[PDB]
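[1] here's a sequence, model it:
(2 chains)
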Amino acid sequence: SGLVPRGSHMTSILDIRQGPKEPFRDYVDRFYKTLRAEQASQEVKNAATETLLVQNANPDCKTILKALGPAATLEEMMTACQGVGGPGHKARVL
Amino acid sequence: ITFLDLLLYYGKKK
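    Numbering: from 1, shown residues only, chains lettered A, B, ... in the order given. Please find the structure below.
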């Protein structure tokens, strides 16, 4: 990008990274808010989104995100980071 | 799983 002498609304989505023990819900809260104000066009930023979202997620969360895959949606990810999503299913642990 | 999906998540629930 370029041609911007001044456009510092809040172009800093790069600083929005999920801590190793940080809830994905709080991560997305800041991520989405900042990305919404990111100085880029929708298709441009959304292309980065799919990468950054997983990239700046911690290994543990990232492992969960990958186990779901692109076949699952953000809503699923939000619940996935919260545990398994639904206990009493496959009585292996609980 | 893009900004699109992020928007639909806050706006709707599917």
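
[2] what does chain B put close to chain A?
    With Cβ under 8 Å from any Cβ of the partner chain as the criterion, chain B meets chain A at residues B:1, B:2, B:3, B:4, B:5, B:6, B:7, B:8, B:9, B:10, B:13, B:14. The C-beta positions use only the backbone N, C-alpha and C, and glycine is treated the same way.

[3] where does the nearest residue to residue A:12 once chain neighbours are set aside fall, phi/psi-wise?
    What sits nearest to residue A:12 in space, not counting adjacent residues and going by Cβ to Cβ, 6 or more residues apart in numbering or on different chains, is residue A:34, at 6.6 Å. Reported as degrees, to the nearest 10, the phi and psi values for residue A:34 are phi -70, psi -40.

[4] hmm, residue A:34 is touching residue A:13, no?
    Yes - applying Cβ atoms under 8 Å, one finds residue A:34 in contact with residue A:13, separated by 4.9 Å.

[5] between those two, which one's more packed in?
    Applying other Cβ atoms under 10 Å in any protein chain shown to residue A:34 and residue A:13 shows that residue A:13 carries more neighbours, namely 24 against 17.

[6] any idea how far the residue nearest to residue A:37 when sequence neighbours are not counted is from chain B?
    Leaving aside its sequence neighbours, residue A:37 sits nearest to residue A:10 (Cβ to Cβ, 6+ apart; 4.6 Å). According to Cβ to the nearest Cβ, to the nearest Å, residue A:10 and chain B sit 15 Å apart.

[7] you'd agree residue A:10 is up against residue A:30?
    No - contact criterion Cβ under 8 Å: residue A:10 and residue A:30 do not qualify, at 10.6 Å.

[8] hang on, the earlier thing: so how far is residue A:18 from the residue nearest to residue A:12?
    Using Cβ to Cβ, to the nearest Å, residue A:34 is found at 13 Å from residue A:18.

[9] again with residue A:89
    From residue A:89 to residue A:18 the distance is 26 Å (Cβ to Cβ).
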